[PDB]
Number of protein chains: 2
Amino acid sequence: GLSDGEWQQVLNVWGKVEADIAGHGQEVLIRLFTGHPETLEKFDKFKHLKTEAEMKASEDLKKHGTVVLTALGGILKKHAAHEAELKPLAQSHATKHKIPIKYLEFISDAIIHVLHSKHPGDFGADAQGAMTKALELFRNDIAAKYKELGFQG
Amino acid sequence: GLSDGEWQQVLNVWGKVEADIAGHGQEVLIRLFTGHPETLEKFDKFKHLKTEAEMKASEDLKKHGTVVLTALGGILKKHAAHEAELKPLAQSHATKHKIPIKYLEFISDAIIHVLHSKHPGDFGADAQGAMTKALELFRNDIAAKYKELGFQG
Ligand code: HEM
Ligand code: HEM
Ligand SMILES: [Co+2]
Ligand SMILES: [Co+2]
Ligand SMILES: [O]
Ligand SMILES: [O]
C-alpha cells in the first residue's frame, strides 16, 4: 500500500502529465512500441509503424496516447480518494479501537435490519441484496488493510 | 462487484439515511449493542450505559451514530466511483483487446521511464517508488476483474 504522502506524490506528478497530456501520451506509447514491439501487434491502426519518427508523425497514435493517460489519471485519482477515507478508518479500528472483522459483520447485520424496518418501500429483496454485497466489499477492504498491519482479528 | 442499478439502489437507499442520519445511527448502534453486548465493551465512553433507556438517552451515542453512517456513506460512494471507471477498462481489455497483465507491466514501465526522463524535478526516487506501487495496484485491480470474467491475463 501507499502512504498519504506517496498518494500525494502521484497526484502531484499527474498534474504535470495533464498539463501536456498529448506529448506525454505520444512518448509513453513510442516507449512501449520500441521497447516491446510485440505490443504494437494489438493495434490494427499502428502495427505498420516501423520507427520512432513514423510513430511521432501518427495523429492516431497521438490521440490514443491521450485516451490512455486520461483514463489512467481518472482511475488513480478515484483509487487515491477511496484510500484517503478507507486508510484512517482501518488504521484506527486495528490499532487504537481493536475491532475484529466479526464485529463489522454484526454492525452490517444491524444496518440491513434498521434499513428494512425504517425504509421497506426503498429496501426490497433486490436492494437488501445489493446493500448486503456492498457492506461485504467494505469489510473485505478493511480486512485487506488488517492483514497489511498484521492485526490478527 | 455490483451492477449499475445495484449501486444506484445502495445510493438511493443511502439518500433516505442522509435525511435523518442522527436517528438511523442511534438505532443501528442500539440494535448492535443489544444483539451483541461484547461490542458495547469496545466503547470506553458508552460501556456505562446498561439499559436501552440510558442508550436512547445518550447525546454522544446519537452523535457517534451520525459519524459511523457518514463515514460509511462516504467510503461506499468512493468505492462505487472507482469501480465505475475500473469495470469498462477491465471489460474491453479482457474480452475485446485481450491484453495480458504482462503488457500492462510494459506500459507501466514506459510511464515510469517517460516520467523519469521528462519530469525528474517532480519524480525523484520516492515519487518514482510511489507511482511504481500505484501502477502495481492498478494492474492488480485489472487482474482481479480478469479472474471474475474468466480471462487468463
Ligand atoms: C494503463 C494502461 C492502459 C489504459 C489506461 C488503457 C486504456 C484504454 C482505453 C481508454 C481504451 C479505449 C476504450 C476501450 O476500448 O476500453 C483503450 C483501447 C485499447 N487499448 Fe488500452 N489501455 C491500457 C493498456 C493497454 C495495453 C498495454 C494495450 C496493448 C498492449 C492496450 C490495447 C488497447 C487496444 C488494442 C485498444 C483498442 C484500440 C483501438 O481500437 O483503437 N491497452 N485502452
Ligand atoms: C460500518 C462500520 C464502522 C464504521 C464506518 C466506523 C466508523 C468510525 C469512525 C468514523 C470513528 C471515528 C474516527 C476513528 O476514531 O477512527 C469511529 C470510532 C470508533 N469506532 Fe467505529 N466504525 C465502524 C464499526 C465499528 C464497530 C463494530 C466497533 C466496535 C464494536 C467500532 C468501534 C469504534 C470505537 C470504539 C471508536 C472510538 C469511539 C470513541 O472513543 O469516541 N466501530 N468509528
Ligand atoms: Co471500499
Ligand atoms: Co484502482
Ligand atoms: O490502450
Ligand atoms: O464506530
# chains A, B, ... in the order shown; residues from 1 in each chain; ligands from 1
call {"tool": "residues_near_ligand", "arguments": {"ligand": "ligand 5", "cutoff": "10 Å", "atoms": "only C-alpha atoms and all ligand atoms", "output": "PDB file with N, CA and C atoms, in the first residue's frame"}}
result
ATOM      1  N   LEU A  29       3.635   5.624 -25.540  1.00  0.00           N
ATOM      2  CA  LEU A  29       3.318   4.520 -26.486  1.00  0.00           C
ATOM      3  C   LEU A  29       4.552   4.215 -27.348  1.00  0.00           C
ATOM      4  N   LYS A  42      -1.120  -5.501 -31.361  1.00  0.00           N
ATOM      5  CA  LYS A  42      -2.514  -5.483 -30.820  1.00  0.00           C
ATOM      6  C   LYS A  42      -3.317  -4.339 -31.433  1.00  0.00           C
ATOM      7  N   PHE A  43      -2.630  -3.429 -32.117  1.00  0.00           N
ATOM      8  CA  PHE A  43      -3.165  -2.135 -32.592  1.00  0.00           C
ATOM      9  C   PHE A  43      -3.178  -2.090 -34.106  1.00  0.00           C
ATOM     10  N   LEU A  61      -1.933   7.600 -33.202  1.00  0.00           N
ATOM     11  CA  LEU A  61      -1.139   7.228 -32.013  1.00  0.00           C
ATOM     12  C   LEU A  61      -1.150   8.391 -31.007  1.00  0.00           C
ATOM     13  N   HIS A  64      -4.627   8.390 -29.335  1.00  0.00           N
ATOM     14  CA  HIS A  64      -4.817   7.216 -28.454  1.00  0.00           C
ATOM     15  C   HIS A  64      -3.962   7.349 -27.194  1.00  0.00           C
ATOM     16  N   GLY A  65      -2.782   7.971 -27.270  1.00  0.00           N
ATOM     17  CA  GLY A  65      -1.918   8.224 -26.097  1.00  0.00           C
ATOM     18  C   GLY A  65      -2.621   9.085 -25.063  1.00  0.00           C
ATOM     19  N   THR A  66      -3.414  10.063 -25.515  1.00  0.00           N
ATOM     20  CA  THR A  66      -4.248  10.937 -24.656  1.00  0.00           C
ATOM     21  C   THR A  66      -5.418  10.124 -24.096  1.00  0.00           C
ATOM     22  N   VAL A  67      -6.078   9.330 -24.922  1.00  0.00           N
ATOM     23  CA  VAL A  67      -7.171   8.433 -24.440  1.00  0.00           C
ATOM     24  C   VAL A  67      -6.646   7.564 -23.285  1.00  0.00           C
ATOM     25  N   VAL A  68      -5.442   7.001 -23.382  1.00  0.00           N
ATOM     26  CA  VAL A  68      -4.852   6.099 -22.345  1.00  0.00           C
ATOM     27  C   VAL A  68      -4.482   6.853 -21.062  1.00  0.00           C
ATOM     28  N   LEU A  69      -3.798   7.997 -21.145  1.00  0.00           N
ATOM     29  CA  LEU A  69      -3.412   8.733 -19.913  1.00  0.00           C
ATOM     30  C   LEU A  69      -4.630   9.409 -19.259  1.00  0.00           C
ATOM     31  N   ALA A  71      -7.740   8.187 -19.107  1.00  0.00           N
ATOM     32  CA  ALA A  71      -8.376   7.054 -18.399  1.00  0.00           C
ATOM     33  C   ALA A  71      -7.559   6.689 -17.161  1.00  0.00           C
ATOM     34  N   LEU A  72      -6.254   6.444 -17.299  1.00  0.00           N
ATOM     35  CA  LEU A  72      -5.395   6.086 -16.136  1.00  0.00           C
ATOM     36  C   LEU A  72      -5.491   7.145 -15.023  1.00  0.00           C
TER      37      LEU A  72
ATOM     38  N   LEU B  89     -12.885  -0.659 -18.439  1.00  0.00           N
ATOM     39  CA  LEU B  89     -11.484  -0.777 -18.889  1.00  0.00           C
ATOM     40  C   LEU B  89     -11.113  -2.256 -18.815  1.00  0.00           C
ATOM     41  N   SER B  92     -13.212  -4.339 -21.632  1.00  0.00           N
ATOM     42  CA  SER B  92     -12.728  -4.178 -23.034  1.00  0.00           C
ATOM     43  C   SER B  92     -11.366  -4.855 -23.216  1.00  0.00           C
ATOM     44  N   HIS B  93     -10.477  -4.771 -22.226  1.00  0.00           N
ATOM     45  CA  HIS B  93      -9.064  -5.186 -22.348  1.00  0.00           C
ATOM     46  C   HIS B  93      -8.980  -6.697 -22.179  1.00  0.00           C
ATOM     47  N   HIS B  97      -9.856  -6.526 -26.514  1.00  0.00           N
ATOM     48  CA  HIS B  97      -8.422  -6.281 -26.825  1.00  0.00           C
ATOM     49  C   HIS B  97      -7.579  -7.492 -26.404  1.00  0.00           C
ATOM     50  N   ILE B  99      -5.631  -8.175 -23.614  1.00  0.00           N
ATOM     51  CA  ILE B  99      -4.296  -7.631 -23.217  1.00  0.00           C
ATOM     52  C   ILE B  99      -3.829  -8.364 -21.969  1.00  0.00           C
ATOM     53  N   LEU B 104       0.510  -4.834 -19.567  1.00  0.00           N
ATOM     54  CA  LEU B 104       0.174  -3.730 -18.629  1.00  0.00           C
ATOM     55  C   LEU B 104       1.418  -3.375 -17.795  1.00  0.00           C
ATOM     56  N   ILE B 107       3.660  -1.233 -20.279  1.00  0.00           N
ATOM     57  CA  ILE B 107       3.162   0.175 -20.349  1.00  0.00           C
ATOM     58  C   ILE B 107       3.395   0.877 -19.018  1.00  0.00           C
TER      59      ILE B 107
END
call {"tool": "residues_around", "arguments": {"residues": "residue 36 of chain B", "least_positions_apart": "3", "cutoff": "12 Å", "atoms": "only C-alpha atoms", "output": "list in words"}}
result
residues 102, 103, 104, 105, 106, 107, 109 and 110 of chain A; 28, 29, 30, 31, 32, 33, 39, 40, 41 and 42 of chain B
call {"tool": "write_last_selection", "arguments": {"atoms": "N, CA, C and O atoms", "output": "JSON list (two decimals), in the first residue's frame"}}
result
[["chain", "number", "residue", "atom", "x", "y", "z"],
["A", 102, "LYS", "N", -15.37, -9.71, 12.61],
["A", 102, "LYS", "CA", -16.68, -10.28, 13.02],
["A", 102, "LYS", "C", -17.62, -9.16, 13.48],
["A", 102, "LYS", "O", -18.77, -9.18, 13.04],
["A", 103, "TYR", "N", -17.17, -8.25, 14.36],
["A", 103, "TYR", "CA", -17.94, -7.10, 14.90],
["A", 103, "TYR", "C", -18.47, -6.21, 13.76],
["A", 103, "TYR", "O", -19.58, -5.65, 13.90],
["A", 104, "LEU", "N", -17.69, -6.06, 12.70],
["A", 104, "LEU", "CA", -18.08, -5.32, 11.48],
["A", 104, "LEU", "C", -19.18, -6.08, 10.76],
["A", 104, "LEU", "O", -20.03, -5.41, 10.13],
["A", 105, "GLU", "N", -19.19, -7.42, 10.86],
["A", 105, "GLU", "CA", -20.32, -8.23, 10.37],
["A", 105, "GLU", "C", -21.56, -7.94, 11.23],
["A", 105, "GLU", "O", -22.65, -7.66, 10.63],
["A", 106, "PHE", "N", -21.40, -7.94, 12.56],
["A", 106, "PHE", "CA", -22.51, -7.63, 13.49],
["A", 106, "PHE", "C", -23.13, -6.30, 13.05],
["A", 106, "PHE", "O", -24.26, -6.32, 12.61],
["A", 107, "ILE", "N", -22.35, -5.23, 12.98],
["A", 107, "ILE", "CA", -22.89, -3.87, 12.67],
["A", 107, "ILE", "C", -23.49, -3.87, 11.26],
["A", 107, "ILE", "O", -24.40, -3.07, 11.05],
["A", 109, "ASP", "N", -25.09, -6.45, 9.78],
["A", 109, "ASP", "CA", -26.40, -7.11, 10.02],
["A", 109, "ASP", "C", -27.35, -6.03, 10.54],
["A", 109, "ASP", "O", -28.40, -5.90, 9.99],
["A", 110, "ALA", "N", -26.93, -5.25, 11.54],
["A", 110, "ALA", "CA", -27.75, -4.19, 12.16],
["A", 110, "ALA", "C", -28.20, -3.16, 11.11],
["A", 110, "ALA", "O", -29.37, -2.77, 11.09],
["B", 28, "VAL", "N", -29.03, 1.84, 14.73],
["B", 28, "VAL", "CA", -28.02, 0.84, 14.30],
["B", 28, "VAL", "C", -27.16, 0.47, 15.52],
["B", 28, "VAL", "O", -26.98, -0.71, 15.77],
["B", 29, "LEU", "N", -26.66, 1.46, 16.24],
["B", 29, "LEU", "CA", -25.77, 1.21, 17.39],
["B", 29, "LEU", "C", -26.53, 0.50, 18.51],
["B", 29, "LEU", "O", -25.97, -0.47, 19.06],
["B", 30, "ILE", "N", -27.75, 0.94, 18.81],
["B", 30, "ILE", "CA", -28.58, 0.29, 19.86],
["B", 30, "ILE", "C", -28.89, -1.16, 19.46],
["B", 30, "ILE", "O", -28.83, -2.03, 20.34],
["B", 31, "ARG", "N", -29.23, -1.39, 18.20],
["B", 31, "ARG", "CA", -29.51, -2.74, 17.66],
["B", 31, "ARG", "C", -28.22, -3.61, 17.77],
["B", 31, "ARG", "O", -28.31, -4.80, 18.13],
["B", 32, "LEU", "N", -27.05, -3.00, 17.58],
["B", 32, "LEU", "CA", -25.74, -3.69, 17.66],
["B", 32, "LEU", "C", -25.40, -4.14, 19.10],
["B", 32, "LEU", "O", -24.94, -5.31, 19.29],
["B", 33, "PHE", "N", -25.64, -3.27, 20.08],
["B", 33, "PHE", "CA", -25.22, -3.42, 21.50],
["B", 33, "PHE", "C", -26.14, -4.39, 22.25],
["B", 33, "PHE", "O", -25.66, -5.15, 23.11],
["B", 39, "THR", "N", -19.80, -6.00, 21.97],
["B", 39, "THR", "CA", -19.46, -4.84, 21.10],
["B", 39, "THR", "C", -19.52, -3.56, 21.94],
["B", 39, "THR", "O", -18.68, -2.64, 21.74],
["B", 40, "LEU", "N", -20.42, -3.51, 22.91],
["B", 40, "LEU", "CA", -20.54, -2.29, 23.75],
["B", 40, "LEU", "C", -19.25, -2.12, 24.55],
["B", 40, "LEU", "O", -18.81, -0.96, 24.70],
["B", 41, "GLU", "N", -18.60, -3.24, 24.92],
["B", 41, "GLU", "CA", -17.37, -3.22, 25.77],
["B", 41, "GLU", "C", -16.13, -2.71, 25.00],
["B", 41, "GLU", "O", -15.09, -2.52, 25.65],
["B", 42, "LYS", "N", -16.20, -2.43, 23.69],
["B", 42, "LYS", "CA", -15.07, -1.77, 22.95],
["B", 42, "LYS", "C", -15.15, -0.24, 23.08],
["B", 42, "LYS", "O", -14.19, 0.40, 22.72]]
call {"tool": "interface_residues", "arguments": {"of": "chain B", "to": "chain A", "cutoff": "8 Å", "atoms": "only C-alpha atoms", "output": "PyMOL selection string"}}
result
chain B and resi 1-2+6-7+9-10+12-13+16+24+27-29+31-32+36+39+42+71+74-76+78-79+81-82+85-86+97+103+106-107+110-111+114+119+122-123+126-127+130-131+133-134+138
call {"tool": "select_by_dssp", "arguments": {"residues": "chain B", "states": "alpha helix (DSSP H)", "output": "PyMOL selection string"}}
result
chain B and resi 4-18+21-35+52-56+59-95+101-118+125-149
call {"tool": "atom_distance", "arguments": {"atom1": "atom 26 (C, counted along the ligand's line) of ligand 1", "atom2": "atom CA of residue 125 of chain B"}}
result
25.4 Å
call {"tool": "atom_distance", "arguments": {"atom1": "atom CA of residue 142 of chain A", "atom2": "atom 31 (C, counted along the ligand's line) of ligand 2"}}
result
12.3 Å
call {"tool": "atom_distance", "arguments": {"atom1": "atom 17 (C, counted along the ligand's line) of ligand 1", "atom2": "atom CA of residue 144 of chain B"}}
result
18.4 Å
call {"tool": "residues_around", "arguments": {"residues": "residue 56 of chain B", "least_positions_apart": "2", "cutoff": "10 Å", "atoms": "only C-alpha atoms", "output": "compact mmCIF listing (two decimals) with N, CA, C and O atoms, in the first residue's frame"}}
result
# COMPACT_ATOMS: atom_id res chain seq x y z
N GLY B 23 -30.88 9.73 13.76
CA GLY B 23 -31.81 8.68 14.21
C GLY B 23 -31.40 7.30 13.73
O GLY B 23 -31.40 6.36 14.56
N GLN B 26 -28.26 6.05 15.66
CA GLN B 26 -28.66 5.72 17.04
C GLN B 26 -29.23 4.31 17.07
O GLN B 26 -28.77 3.54 17.90
N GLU B 27 -30.17 3.98 16.17
CA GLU B 27 -30.85 2.65 16.16
C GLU B 27 -29.86 1.56 15.73
O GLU B 27 -29.89 0.47 16.30
N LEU B 29 -26.66 1.46 16.24
CA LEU B 29 -25.77 1.21 17.39
C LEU B 29 -26.53 0.50 18.51
O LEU B 29 -25.97 -0.47 19.06
N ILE B 30 -27.75 0.94 18.81
CA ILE B 30 -28.58 0.29 19.86
C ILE B 30 -28.89 -1.16 19.46
O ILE B 30 -28.83 -2.03 20.34
N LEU B 49 -23.52 2.63 30.00
CA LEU B 49 -24.96 2.54 29.64
C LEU B 49 -25.38 1.07 29.77
O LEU B 49 -24.71 0.23 29.15
N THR B 51 -28.99 -0.14 30.10
CA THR B 51 -30.34 -0.36 29.54
C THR B 51 -30.43 0.32 28.17
O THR B 51 -29.50 1.07 27.81
N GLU B 52 -31.52 0.05 27.45
CA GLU B 52 -31.93 0.70 26.17
C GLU B 52 -32.32 2.15 26.47
O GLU B 52 -32.21 3.03 25.58
N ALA B 53 -32.76 2.39 27.71
CA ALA B 53 -33.33 3.68 28.16
C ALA B 53 -32.21 4.70 28.27
O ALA B 53 -32.30 5.77 27.64
N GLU B 54 -31.20 4.33 29.06
CA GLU B 54 -29.89 5.01 29.17
C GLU B 54 -29.31 5.25 27.76
O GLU B 54 -28.87 6.40 27.51
N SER B 58 -28.57 8.88 25.47
CA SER B 58 -27.16 9.34 25.32
C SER B 58 -27.04 10.26 24.10
O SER B 58 -27.44 9.85 22.99
N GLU B 59 -26.56 11.48 24.33
CA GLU B 59 -26.39 12.54 23.30
C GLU B 59 -25.28 12.10 22.35
O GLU B 59 -25.46 12.28 21.12
N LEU B 61 -23.82 8.84 22.01
CA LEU B 61 -24.17 7.61 21.24
C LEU B 61 -24.87 8.01 19.96
O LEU B 61 -24.57 7.40 18.91
N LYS B 62 -25.77 8.99 20.05
CA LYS B 62 -26.52 9.52 18.89
C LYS B 62 -25.54 10.22 17.93
O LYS B 62 -25.65 9.99 16.73
call {"tool": "closest_residue", "arguments": {"among": "B:139, B:73, B:101, B:148", "to": "ligand 3", "atoms": "only C-alpha atoms and all ligand atoms"}}
result
B:73
call {"tool": "closest_residue", "arguments": {"among": "B:4, B:96, B:63, B:147", "to": "ligand 6", "atoms": "only C-alpha atoms and all ligand atoms"}}
result
B:63
call {"tool": "decode", "arguments": {"residues": "segment 25-112 of chain B", "atoms": "C-alpha atoms", "output": "PDB file, in the first residue's frame"}}
result
ATOM      1  CA  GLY B  25     -27.163   5.859  13.514  1.00  0.00           C
ATOM      2  CA  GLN B  26     -28.665   5.724  17.044  1.00  0.00           C
ATOM      3  CA  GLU B  27     -30.845   2.652  16.157  1.00  0.00           C
ATOM      4  CA  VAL B  28     -28.020   0.835  14.303  1.00  0.00           C
ATOM      5  CA  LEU B  29     -25.766   1.209  17.392  1.00  0.00           C
ATOM      6  CA  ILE B  30     -28.575   0.287  19.864  1.00  0.00           C
ATOM      7  CA  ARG B  31     -29.510  -2.745  17.661  1.00  0.00           C
ATOM      8  CA  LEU B  32     -25.741  -3.691  17.657  1.00  0.00           C
ATOM      9  CA  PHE B  33     -25.223  -3.421  21.496  1.00  0.00           C
ATOM     10  CA  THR B  34     -28.471  -5.269  22.454  1.00  0.00           C
ATOM     11  CA  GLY B  35     -27.864  -8.066  19.863  1.00  0.00           C
ATOM     12  CA  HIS B  36     -24.096  -8.406  20.714  1.00  0.00           C
ATOM     13  CA  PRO B  37     -23.192  -6.894  24.155  1.00  0.00           C
ATOM     14  CA  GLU B  38     -19.408  -7.673  23.779  1.00  0.00           C
ATOM     15  CA  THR B  39     -19.456  -4.839  21.098  1.00  0.00           C
ATOM     16  CA  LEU B  40     -20.538  -2.293  23.749  1.00  0.00           C
ATOM     17  CA  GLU B  41     -17.375  -3.220  25.773  1.00  0.00           C
ATOM     18  CA  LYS B  42     -15.072  -1.771  22.950  1.00  0.00           C
ATOM     19  CA  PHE B  43     -16.565   1.742  23.671  1.00  0.00           C
ATOM     20  CA  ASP B  44     -14.904   3.094  26.888  1.00  0.00           C
ATOM     21  CA  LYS B  45     -17.324   6.125  26.585  1.00  0.00           C
ATOM     22  CA  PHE B  46     -20.584   4.021  26.303  1.00  0.00           C
ATOM     23  CA  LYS B  47     -19.933   0.827  28.447  1.00  0.00           C
ATOM     24  CA  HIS B  48     -21.543   2.579  31.498  1.00  0.00           C
ATOM     25  CA  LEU B  49     -24.965   2.540  29.641  1.00  0.00           C
ATOM     26  CA  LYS B  50     -26.752  -0.640  30.941  1.00  0.00           C
ATOM     27  CA  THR B  51     -30.336  -0.358  29.541  1.00  0.00           C
ATOM     28  CA  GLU B  52     -31.929   0.697  26.172  1.00  0.00           C
ATOM     29  CA  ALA B  53     -33.334   3.675  28.158  1.00  0.00           C
ATOM     30  CA  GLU B  54     -29.888   5.013  29.170  1.00  0.00           C
ATOM     31  CA  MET B  55     -28.724   4.285  25.500  1.00  0.00           C
ATOM     32  CA  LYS B  56     -31.574   6.198  23.777  1.00  0.00           C
ATOM     33  CA  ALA B  57     -30.886   8.991  26.369  1.00  0.00           C
ATOM     34  CA  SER B  58     -27.157   9.335  25.318  1.00  0.00           C
ATOM     35  CA  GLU B  59     -26.390  12.544  23.300  1.00  0.00           C
ATOM     36  CA  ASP B  60     -22.931  11.144  22.309  1.00  0.00           C
ATOM     37  CA  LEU B  61     -24.170   7.607  21.240  1.00  0.00           C
ATOM     38  CA  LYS B  62     -26.515   9.522  18.886  1.00  0.00           C
ATOM     39  CA  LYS B  63     -23.668  11.807  17.576  1.00  0.00           C
ATOM     40  CA  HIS B  64     -21.430   8.690  17.089  1.00  0.00           C
ATOM     41  CA  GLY B  65     -24.285   7.059  15.119  1.00  0.00           C
ATOM     42  CA  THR B  66     -24.048  10.000  12.679  1.00  0.00           C
ATOM     43  CA  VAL B  67     -20.209   9.734  12.480  1.00  0.00           C
ATOM     44  CA  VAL B  68     -20.377   5.967  11.585  1.00  0.00           C
ATOM     45  CA  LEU B  69     -23.063   6.204   8.832  1.00  0.00           C
ATOM     46  CA  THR B  70     -21.483   9.429   7.386  1.00  0.00           C
ATOM     47  CA  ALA B  71     -18.041   7.762   7.039  1.00  0.00           C
ATOM     48  CA  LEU B  72     -19.636   4.524   5.709  1.00  0.00           C
ATOM     49  CA  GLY B  73     -21.700   6.570   3.157  1.00  0.00           C
ATOM     50  CA  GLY B  74     -18.555   8.468   2.030  1.00  0.00           C
ATOM     51  CA  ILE B  75     -16.429   5.270   1.598  1.00  0.00           C
ATOM     52  CA  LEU B  76     -19.106   3.278  -0.387  1.00  0.00           C
ATOM     53  CA  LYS B  77     -19.589   6.325  -2.758  1.00  0.00           C
ATOM     54  CA  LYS B  78     -15.791   6.435  -3.426  1.00  0.00           C
ATOM     55  CA  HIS B  79     -15.791   2.582  -3.772  1.00  0.00           C
ATOM     56  CA  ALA B  80     -18.560   2.836  -6.471  1.00  0.00           C
ATOM     57  CA  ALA B  81     -16.804   5.786  -8.236  1.00  0.00           C
ATOM     58  CA  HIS B  82     -13.539   3.676  -8.532  1.00  0.00           C
ATOM     59  CA  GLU B  83     -15.413   0.531  -9.843  1.00  0.00           C
ATOM     60  CA  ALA B  84     -17.393   2.597 -12.425  1.00  0.00           C
ATOM     61  CA  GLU B  85     -14.031   3.509 -14.082  1.00  0.00           C
ATOM     62  CA  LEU B  86     -12.238   0.115 -13.465  1.00  0.00           C
ATOM     63  CA  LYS B  87     -15.054  -2.147 -14.860  1.00  0.00           C
ATOM     64  CA  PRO B  88     -15.303  -0.882 -18.509  1.00  0.00           C
ATOM     65  CA  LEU B  89     -11.484  -0.777 -18.889  1.00  0.00           C
ATOM     66  CA  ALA B  90     -11.132  -4.322 -17.468  1.00  0.00           C
ATOM     67  CA  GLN B  91     -14.117  -5.492 -19.635  1.00  0.00           C
ATOM     68  CA  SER B  92     -12.728  -4.178 -23.034  1.00  0.00           C
ATOM     69  CA  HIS B  93      -9.064  -5.186 -22.348  1.00  0.00           C
ATOM     70  CA  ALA B  94     -10.029  -8.763 -21.288  1.00  0.00           C
ATOM     71  CA  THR B  95     -12.808  -9.654 -23.850  1.00  0.00           C
ATOM     72  CA  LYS B  96     -12.095  -7.438 -26.948  1.00  0.00           C
ATOM     73  CA  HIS B  97      -8.422  -6.281 -26.825  1.00  0.00           C
ATOM     74  CA  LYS B  98      -7.260  -9.474 -24.922  1.00  0.00           C
ATOM     75  CA  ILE B  99      -4.296  -7.631 -23.217  1.00  0.00           C
ATOM     76  CA  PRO B 100      -2.261  -9.857 -20.843  1.00  0.00           C
ATOM     77  CA  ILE B 101      -1.106  -8.484 -17.433  1.00  0.00           C
ATOM     78  CA  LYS B 102       2.496  -8.733 -18.791  1.00  0.00           C
ATOM     79  CA  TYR B 103       1.694  -5.998 -21.361  1.00  0.00           C
ATOM     80  CA  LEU B 104       0.174  -3.730 -18.629  1.00  0.00           C
ATOM     81  CA  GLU B 105       3.601  -4.124 -16.864  1.00  0.00           C
ATOM     82  CA  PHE B 106       5.423  -2.975 -20.082  1.00  0.00           C
ATOM     83  CA  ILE B 107       3.162   0.175 -20.349  1.00  0.00           C
ATOM     84  CA  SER B 108       3.640   0.759 -16.573  1.00  0.00           C
ATOM     85  CA  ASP B 109       7.492   0.657 -17.003  1.00  0.00           C
ATOM     86  CA  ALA B 110       7.118   3.023 -20.021  1.00  0.00           C
ATOM     87  CA  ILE B 111       5.072   5.578 -17.992  1.00  0.00           C
ATOM     88  CA  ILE B 112       7.687   5.474 -15.176  1.00  0.00           C
TER      89      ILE B 112
END
